[PDB]
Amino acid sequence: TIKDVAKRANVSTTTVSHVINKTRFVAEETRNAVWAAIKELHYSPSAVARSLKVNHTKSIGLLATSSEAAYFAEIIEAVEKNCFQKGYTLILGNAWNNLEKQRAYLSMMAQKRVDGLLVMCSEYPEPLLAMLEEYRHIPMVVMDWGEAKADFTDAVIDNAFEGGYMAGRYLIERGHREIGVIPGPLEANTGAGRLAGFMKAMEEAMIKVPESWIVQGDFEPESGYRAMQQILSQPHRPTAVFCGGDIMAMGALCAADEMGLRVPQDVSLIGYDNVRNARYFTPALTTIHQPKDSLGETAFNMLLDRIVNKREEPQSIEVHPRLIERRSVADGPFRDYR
């Protein structure tokens, strides 16, 4: 069909291609005629043919974990903006943490010959790390590791530990000493990482978290709901709670309400993520904000680089969480004594 254009215009397809890609000078008259044809014939140049020759699809693949989750969703929307503005096409894939699913999308991606790969898999077992390597040839950056798990990738690091520390510190500085924590999956960075940053500040303050006070979450609201319940549903209960993620926090808020508990008047709650609509939680959620937009743009850029300026070496860029005071925390019994 580029042939059909060339002939309506009575010029070579070489000509047609040059005017289309402005790749060499062409007589106006000529140029015009081509456009003419191009339009009446209703021509849509085929990218598949082009990619076949030029060797790049100008398309990028995001191998995510899930895209419904608030947290994830915001990131993804970020990456897409960046692809759109630099002409890239985004292929979205959710692996639900399923190896098989992961092996599958990864392969459905290489064949489609994506220019680069964006990896956000939450948990990284050696078997997954292993698969990942089999595609070192395809440029890629993992956007969710704590440290640099591997050498065949680029990495953007969130400083999830420094975030945990911040959260704890805040609680301490507000007068709290009986604190509880609902962490996210330990196999994940935003999980383990945040928790440990938190425990460190405790250790520092000689606070001790009684194990009956720490309950595993899964980032889902129901997990939060169940944990808070289990926490407040006991003889002795903390006065403040650190919840590993906002959406779980949202769940924690609902249960308290349901036990007729008052936030922050009966329990103080601090979360983590600062998801777009946490300010509209009831009450407005105090939390640690994760730079989602930057986490995305930053990732897109390292990739474009490697893609364009053919980098070979592994890079890593840090990003920084920051505390956001809203209205879900209140002074604790020791506020006056410091």
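When you see a residue number, it is the position in the sequence shown, counting from 1.
K.L.:
Between 239-247 and 214-222, name whichever shows the higher mean Cα B factor according to the PDB entry.
P.N.:
It is 214-222 that shows the higher mean C-alpha B-factor.
K.L.:
If you average the CA temperature factors as listed in the entry, which stretch comes out higher, 292-300 or 306-314?
P.N.:
The stretch with the larger mean CA B-factor is 306-314.
K.L.:
Among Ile157, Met202, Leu90, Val181, where is the Cα B factor highest in this entry?
P.N.:
Comparing C-alpha B-factors across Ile157, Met202, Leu90, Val181, the top value belongs to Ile157.
K.L.:
Among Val275, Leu63, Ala27, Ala47, where is the Cα temperature factor highest, going by the PDB entry?
P.N.:
Among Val275, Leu63, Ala27, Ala47, the highest C-alpha B-factor in the entry belongs to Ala27.
K.L.:
Looking at the entry's B-factor column for C-alpha atoms only, identify whether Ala69 ranks in the lowest, middle or highest third of its chain.
P.N.:
It belongs to the lowest third of the chain when residues are ordered by C-alpha B-factor.
K.L.:
What third of the chain does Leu285 rank in for C-alpha temperature factor, lowest, middle or highest?
P.N.:
Answer is lowest: the recorded C-alpha B-factor places it there.
K.L.:
Going by the recorded CA B-factors, say which third of the chain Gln85 sits in, lowest, middle or highest.
P.N.:
Highest third of the chain for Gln85's C-alpha B-factor.
K.L.:
Sorting the chain's modelled residues by C-alpha B-factor, tell me whether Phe161 ends up in the lowest, middle or highest third.
P.N.:
It belongs to the lowest third of the chain when residues are ordered by C-alpha B-factor.
K.L.:
With respect to C-alpha B-factor, does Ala36 fall in the lowest, middle or highest third of the chain as deposited?
P.N.:
Answer is highest: the recorded C-alpha B-factor places it there.
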